[PDB]
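In structure tokens, one chain follows: the form deposited in one PDB entry.
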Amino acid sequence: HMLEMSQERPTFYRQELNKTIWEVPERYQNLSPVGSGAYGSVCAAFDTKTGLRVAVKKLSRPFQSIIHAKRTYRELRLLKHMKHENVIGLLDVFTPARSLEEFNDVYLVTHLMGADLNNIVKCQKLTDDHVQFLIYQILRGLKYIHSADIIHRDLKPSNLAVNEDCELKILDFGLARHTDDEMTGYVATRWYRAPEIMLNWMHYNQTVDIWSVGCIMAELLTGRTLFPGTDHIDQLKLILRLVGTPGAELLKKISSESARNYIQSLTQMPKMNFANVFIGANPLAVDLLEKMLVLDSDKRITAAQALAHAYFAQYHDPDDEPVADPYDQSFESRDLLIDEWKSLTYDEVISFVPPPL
């Protein structure tokens, strides 16, 4: 058993790209801004050490406030935990800073992907086999994310990244923090959200993400957003029209008195026939869709269970659907100063050990 006693610091070079000065290790070459701001300050690059096309995100002044500092620490902790084919993970993390004292920039390095689901949908008409392989991969990655006791919270086509070979990685898990305005009106930001988080019926858990997969799957099959509500209330009515109004058993699970009061005011509707809604679709696709889009979150199919569904017969491999280690999120309930979040972040950067690729 031999041991490493110190870490080598690479040579860095400077470059002005996003109107900001990027300082990166020599290994990273041909830096080029991607996404026209949709992903933030992200550059595509070639990693000469691994031969990988990579995405490099710069977080400038990430310790400006207590919230920003904790968010910076949260994102890093999240990315360091994920080692899965269908989940975005960390290839590298670096700072040009030689001490904690001068440390005010964090760079994150992930795999470079070709497009998000939104963009591949406008370029192609997806076959049932594409939908099989894409949804299989989302669920495979979700099984892993959920086994680490992490909730995505904001699964939508725009944070599902896809390659030319139809291989998929899940982005933006565990960190989505939206304003009221961003969730207002006729907006994609809300169309995929489970009814219980959209209107805050109860304390939410991972089953929230399965609802989102159901909405995504339906849209891939039909070419149409499943619940494109013009507001929160219009969306809910769309949802209940399809899945029926709550029964007595679900009503008493709704911890919010006011939300329970509003629900009971609505004319009761039965669940529709999904075979008459999703006409011409693989009957197995429709079956799984019914097990995902259940109003009561307790009764929804889980990611692990859905993997064993007959719809994924040609892709399902129980020996190649791995779980994660537990994710220690005890820091979430911790109140700390800016300098304490910064030091914690610095610790995580310098302690990073690269994958054996």
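Here, rigid core means the biggest group of C-alpha atoms that superpose within 1.5 Å across both forms. Residue positions are given as counts along the sequence shown, with the first one as 1.
The form deposited in another entry exists for this protein as well; it is not shown, and the discussion that follows is about that form.
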query	finding
Listed options 324, 288, 31, 304; Cα moving by 2 angstroms or more between this form and the one not shown (core superposition)	31
Cα displacement of residue 266 between this form and the one not shown reaching 2 Å, rigid core superposed	yes
Did residue 46 shift 2 Å or more between this form and the one not shown, C-alpha, core superposed	yes
Shift in CA distance, residue 140 and residue 38, in the other form relative to the form shown here, given it is 3 Å or more	closer
Direction of Cα pair change residue 171-residue 37 in the other form, magnitude 3 angstroms or more	closer
